[PDB]
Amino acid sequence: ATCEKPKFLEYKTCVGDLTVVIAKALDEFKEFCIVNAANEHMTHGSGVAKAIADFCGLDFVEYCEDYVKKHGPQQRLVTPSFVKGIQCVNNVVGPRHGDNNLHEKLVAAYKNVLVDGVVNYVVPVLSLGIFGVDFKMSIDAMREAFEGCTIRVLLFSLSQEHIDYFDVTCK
């Protein structure tokens, strides 16, 4: 029933990179939003940003560049993906480690994932800088953000241990 709202919050997990998770999402959701852990300037030099930029292509990249150029930096930019099956890319700028109210800002970052009309999401564990630093806070924050929502979330990370923490905290 993957183009309808779920009855309640549903999760999927993937230990894998963007390539792997996108393939899994295409297969299991068919249609979905990819969340990109972005910077304000929507640059894609490295990491998931670079991965999404490479995967989505020049039209995606040009879209983001022109937007920031014309409209200035963005903390949440929902863009076209230019990829069949990918309803949109939600470029979410999360907090950095040591920021004031890290937890609150993490919750706010995950609440920014939601896109009106979009029911299926691929969501990375938002990093605070260094890989794995506060993944527990980040995953906890996601759940708080998503509480009660009628969405499906395919959470992915390159680390099994991030996924195991998700697993053990499922309730």
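All residue numbers refer to positions in the sequence shown, first residue = 1.
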property	result
Higher-B stretch (mean Cα B-factor, as the entry records it), 46 to 54 or 24 to 32	46 to 54
Entry-level comparison of average CA B-factors, 71 to 79 and 93 to 101, reporting the higher stretch	93 to 101
Highest-ranked of 40, 59, 116, 144 once sorted by CA temperature factor in the record	40
Selection from 109, 139, 130, 122 [criterion: highest C-alpha temperature factor in the record]	130
